[PDB]
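1. Kindly generate the corresponding structure for this input.
(2 chains)
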Amino acid sequence: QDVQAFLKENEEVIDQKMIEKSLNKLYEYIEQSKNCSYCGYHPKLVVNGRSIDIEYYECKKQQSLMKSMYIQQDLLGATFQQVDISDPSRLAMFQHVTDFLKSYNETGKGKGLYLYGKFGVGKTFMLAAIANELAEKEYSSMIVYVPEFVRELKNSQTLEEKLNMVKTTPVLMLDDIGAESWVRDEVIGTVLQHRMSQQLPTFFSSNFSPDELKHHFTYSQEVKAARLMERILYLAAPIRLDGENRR
Amino acid sequence: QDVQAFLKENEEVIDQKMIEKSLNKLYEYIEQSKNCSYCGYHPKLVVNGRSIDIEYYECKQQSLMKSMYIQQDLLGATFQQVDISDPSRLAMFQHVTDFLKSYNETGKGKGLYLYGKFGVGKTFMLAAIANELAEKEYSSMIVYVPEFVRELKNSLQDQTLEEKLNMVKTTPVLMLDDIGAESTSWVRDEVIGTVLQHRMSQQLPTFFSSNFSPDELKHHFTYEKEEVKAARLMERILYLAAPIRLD
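-> Numbers count the residues shown, from 1 in each chain, chains lettered A, B, ... in the order given. Take a look at the structure below.
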């Protein structure tokens, strides 16, 4: 059953033979089992090339499908109600969460979201609006601070067991990207290339308008400079967030 | 000169070791002003346990201003009280006005670095940003650094001062003090690791001014797998402040 869902998701990529090749994976995927326990990840299918693989994504009863490390969870006061349909921001921000809340779990083809604009508006009050009421639709989601992970993999013995769980689970919400030769392309720039044959969404939040984010990764003299920013313009839907000073 | 006399007087009892250990102190002692321009204090040597220290012997905003771990007799300096024939005091003049401007609620900008000798007064210069961010309804707090280790190791019976720093971390223009030969090593991955995250969980500007330099403040706290733990949490101090140059 899981295979069916994933297939429709990646049916453009997967072939009949791919199904029979990744049979073991898709069959192991099903088995009903909703997940693990504790005492931390869940298996998801992710087609690599011509083969379908199985990657693990990391796992008063709502915020439990909504855990977080490196940031906080007191901030999770950022929900659907008091935050109103206000600007080109929220004239289209809750919709591209709720039109999607009717097509949740892994079946049909998919995207994420992107968050930008200018000062005072929001990038951390709208990634907490595709979250807690998603602890109502059998599939959990994520809230993690991307920039809070960019100061410990320079200074960090098995660290090749950590990055195969925080990228191939049902949801990705890669936070703020726009400040300060970049490992960003191994740390944050290779959080996309398995979300192709495994079909996995990429929501983002940021600092610059849709003609500006392809120029924050290294300077010299490009043929290679915007690899990610094409893959970070497809698996999502970006909108104009600009309202009152709610920061 | 008195020290010389006493040293040789009791050199059979004192020895040399302690002398070589406290070399830095005794050398700094003789190198500085033995007198004072009030003739307000003078330096004198004191034996504290196994180490010899240097003690000094004497020769719109007031109910708004309530700075913790420090007095109100310390916050009473402006910038029009500050002289410019030295090559240090004007740097501050040019610095903060450009930061009266790039921040219109949420800015995530730069900082300032007053580090080196002992005479300038790096809390009277800071008791000026603290001085006139209070004509407004806001702030620029001043709290000492060793006091986060003076009343914060006896009382770890849960909470106590894990819950009075909770609101001293919701003021924007918060300034950090004497990190270096003033603060032992339990604190950095429980306080000054968790000091610069929750403000940067939405991104802001923070400050650091003590006495021990940048390419040295990363090293004064391994009291390698010790220098590197002094190269992650501090990769948010040199990542969030720009140096001032005591020429």
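2. For the helix or strand containing residue A:174, output the C-alpha coordinates as CSV.
-> Taking DSSP states H and E as the criterion, residue A:174 maps to strand A:173-177. Listed next in CSV are the C-alpha coordinates belonging to strand A:173-177 (Å, rounded to 0.1, in the frame of the first residue of the first chain):
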residue,chain,number,x,y,z
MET,A,173,10.9,22.5,6.3
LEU,A,174,14.5,23.8,5.7
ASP,A,175,14.4,27.1,7.6
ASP,A,176,16.0,30.6,7.0
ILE,A,177,18.7,30.8,4.3
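3. which other residues reach it?
-> Outside strand A:173-177, the residues within contact range by Cβ atoms under 8 Å, 6 or more residues apart in numbering or on different chains are A:112, A:123-124, A:127, A:130, A:141-147, A:188, A:191, A:202-207, A:213, A:216, B:203. Backbone N, C-alpha and C define where each C-beta goes, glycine included.
4. run the last query once more with 6 Å
-> With contact meaning Cβ atoms under 6 Å, 6 or more residues apart in numbering or on different chains, strand A:173-177 is reached by A:123, A:127, A:142, A:145, A:146, A:147, A:203, A:204, A:205, A:206.
5. residues touching residue A:45, list them.
-> Residue A:45 touches A:6, A:25, A:29, A:52, A:198, counting by Cβ under 6 Å, 6+ apart.
6. try residue A:87
-> Per Cβ under 6 Å, 6+ apart, neighbours of residue A:87: A:242, A:243.
7. and if you look at residue A:111?
-> Per Cβ under 6 Å, 6+ apart, neighbours of residue A:111: A:235, A:236, A:237.
8. follow-up on the earlier one: present the contacts of strand A:173-177 as a markdown table; the columns should include distance to residue A:65, secondary structure and neighbour count.
-> As requested, these are exported to a markdown table (distance: Cβ to Cβ, whole Å; DSSP: H, G, I helix; E, B strand; the rest coil; neighbours: other Cβ atoms under 10 Å in any protein chain shown):
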| residue | distance to residue A:65 | secondary structure | neighbour count |
| --- | --- | --- | --- |
| A:123 | 22 | coil | 22 |
| A:127 | 15 | coil | 24 |
| A:142 | 10 | coil | 23 |
| A:145 | 18 | coil | 23 |
| A:146 | 20 | helix | 19 |
| A:147 | 24 | helix | 18 |
| A:203 | 16 | strand | 24 |
| A:204 | 21 | strand | 25 |
| A:205 | 20 | strand | 23 |
| A:206 | 25 | strand | 22 |
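9. Which stretches in chain A count as helices?
-> Taking DSSP state H, the helices of chain A run over residues A:2-10, A:16-21, A:23-29, A:95-101, A:184-187, A:227-231.
10. For the longest one, which helices and strands make contact with it?
-> Secondary-structure packing of helix A:2-10 (3 or more Cβ pairs under 6 Å, 6 or more residues apart in numbering or on different chains; DSSP states H and E): helix A:23-29.
11. mind listing what's buried in the helix it packs on?
-> Buried residues in helix A:23-29, counted by 16 or more other Cβ atoms under 10 Å in any protein chain shown: A:25, A:26, A:29.
12. again, but for stretch A:229-239
-> Going by neighbour count (16+ other Cβ under 10 Å), the buried part of stretch A:229-239 is A:231, A:232, A:233, A:235, A:236, A:237, A:238, A:239.
13. Grab the nearest non-local neighbour of the fifth one.
-> Meaning residue A:236. Once flanking residues are discounted, residue A:236 sits nearest to residue A:112: 3.8 Å by Cβ to Cβ, 6 or more residues apart in numbering or on different chains.
14. And the fourth one, by the same measure?
-> In space, and not counting its chain neighbours, residue A:235 is closest to residue A:202: 4.2 Å by Cβ to Cβ, 6+ apart.
15. list the contacts for the one you found?
-> By Cβ under 6 Å, 6+ apart, the neighbours of residue A:202 are A:112, A:172, A:235, A:236.
16. Give me the distance between it and chain B.
-> Separation of residue A:202 from chain B (Cβ to the nearest Cβ, to the nearest Å) stands at 21 Å.
17. can you check residue A:192 too?
-> 24 Å.
18. which residue ranges form the strands in chain A?
-> Secondary structure of chain A (DSSP state E): strands at A:41-48, A:51-58, A:114-117, A:173-177, A:203-206, A:238-241.
19. These: which one's closest to residue B:160?
-> Judged by Cβ to Cβ, the one of the strands of chain A that comes nearest to residue B:160 is strand A:173-177, at 32.3 Å.
20. Now the closest one: buried residues?
-> Quick answer for strand A:173-177 (16+ other Cβ under 10 Å): A:173, A:174, A:175, A:176, A:177.
21. would JSON lines of these with distance to residue A:154 be doable?
-> Listed next are the buried residues of strand A:173-177 as JSON lines, based on distance: Cβ to Cβ, whole Å:
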{"residue": "A:173", "distance to residue A:154": "23"}
{"residue": "A:174", "distance to residue A:154": "19"}
{"residue": "A:175", "distance to residue A:154": "19"}
{"residue": "A:176", "distance to residue A:154": "19"}
{"residue": "A:177", "distance to residue A:154": "17"}
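22. Return the member of the residues you listed nearest to chain B.
-> residue A:176 (7.2 Å; Cβ to the nearest Cβ).
23. Next, work out how far apart that closest one and residue B:64 are.
-> 33 Å (Cβ to Cβ, to the nearest Å).
24. any idea what sits nearest residue A:2, other than its immediate chain neighbours?
-> residue A:29 (3.8 Å).
25. hmm, back to that, give me the sheet partners of the strand holding residue A:174 and which way each runs.
-> Strand pairing for strand A:173-177, using DSSP bridges, gives strand A:203-206 (parallel).
26. And for the partner strand, what's in contact with it?
-> A:112-116, A:123, A:127, A:173-178.
27. Would you mind listing the two of the contacts of strand A:173-177 that lie farthest apart?
-> Checking the contacts of strand A:173-177 with Cβ to Cβ, the most distant pair is A:142 and A:206, at 16.7 Å.
28. Please identify the residues of chain A in proximity to chain B?
-> Contacts of chain A with chain B, taken as Cβ under 6 Å from any Cβ of the partner chain, map to A:71, A:72, A:120, A:151, A:152, A:155, A:245, A:247.
29. tell me the contacts of the residue nearest the centre of chain A?
-> The residue lying closest to the centre of chain A (Cα atoms, centre = their mean) is residue A:172, at 1.6 Å. With contact taken as Cβ under 6 Å, 6+ apart, residue A:172 is in contact with residue A:202.
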